[PDB]
Amino acid sequence: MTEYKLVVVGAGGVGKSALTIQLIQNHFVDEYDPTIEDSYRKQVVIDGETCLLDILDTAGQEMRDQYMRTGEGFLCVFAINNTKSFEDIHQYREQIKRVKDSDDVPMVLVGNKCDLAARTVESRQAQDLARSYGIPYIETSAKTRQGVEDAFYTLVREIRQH
Ligand SMILES: Nc1nc2c(ncn2[C@@H]2O[C@H](COP(=O)(O)OP(=O)(O)NP(=O)(O)O)[C@@H](O)[C@H]2O)c(=O)[nH]1
Ligand SMILES: [Mg+2]
């Protein structure tokens, strides 16, 4: 069946793992557990198509080129309460473009932790950025599960149209 190789990237502690686990195991992980590199394979049906989501959950800690080269689509995540994580996004996109020799790579910008009230990054800020990249912007919360499937499925549809 069709396999979609997705890679979740972004600064440390933004919730890359929490988002993935919610999608796969349907539960919110609320504990300190820094990732080195984990992969999740799940059979799913998206828009009537039977497919295998091969998800690579990466480390935020400063091996990148290797996984960016084989990835078909990327979920670039930042936390809406961490301005630095938002600014780091540029670095990730640039590295992905460089590795894939492409100006356009299936990508989705994800603003996570939208359940928190202490927001420091305005949605409009992220939307403008997303628009300049030419990619979708989706706000999520691994805690409430809002936008989770949305983020992942949109990335799949983006790969389908590339
Ligand atoms: N309130 C709230 N907390 C969240 C959300 N997503 C993740 N967190 C919390 O943020 C912390 C870090 O999440 P984690 O998934 O481990 O982040 P990471 O980006 O995967 N970290 P690392 O890059 O080191 O691997 C955890 O305490 C987790 O519960 C969210 O949507 N809302
Ligand atoms: Mg992690």
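Quick note: the coordinates plus some simple rules give every number you see, no bench work behind them. All Cβ positions, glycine included, derive from the backbone under ideal geometry; neighbour counts span all protein chains shown.
The charge dipole of the chain, taken about its Cα centre with unit charges on the Cβ of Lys, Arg, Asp and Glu (plus for the first two, minus for the last two), comes to roughly 180 debye. By the count of neighbouring beta-carbon atoms within 10 Å, fewest first, 124, 98 end up ordered 124, 98. Which of rounded, prolate or oblate describes the chain when judged by the alpha-carbon gyration tensor and an a/c cut-off of 1.5? Rounded is the answer for the chain, as its axis ratio a/c remains below 1.5.
Between residue 29 and residue 117, the C-beta separation translates, for a Förster distance of 25 Å, into a calculated FRET efficiency of about 0.75. Taken along its principal axes, the alpha carbon cloud of the range 1-78 reaches lengths of 37, 30, 18 Å, longest axis first. Ranking 58, 148, 34 by Cα position along the charge dipole of the chain, where only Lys, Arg, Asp and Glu carry charges on their C-beta atoms, puts 148 farthest toward the positive end.
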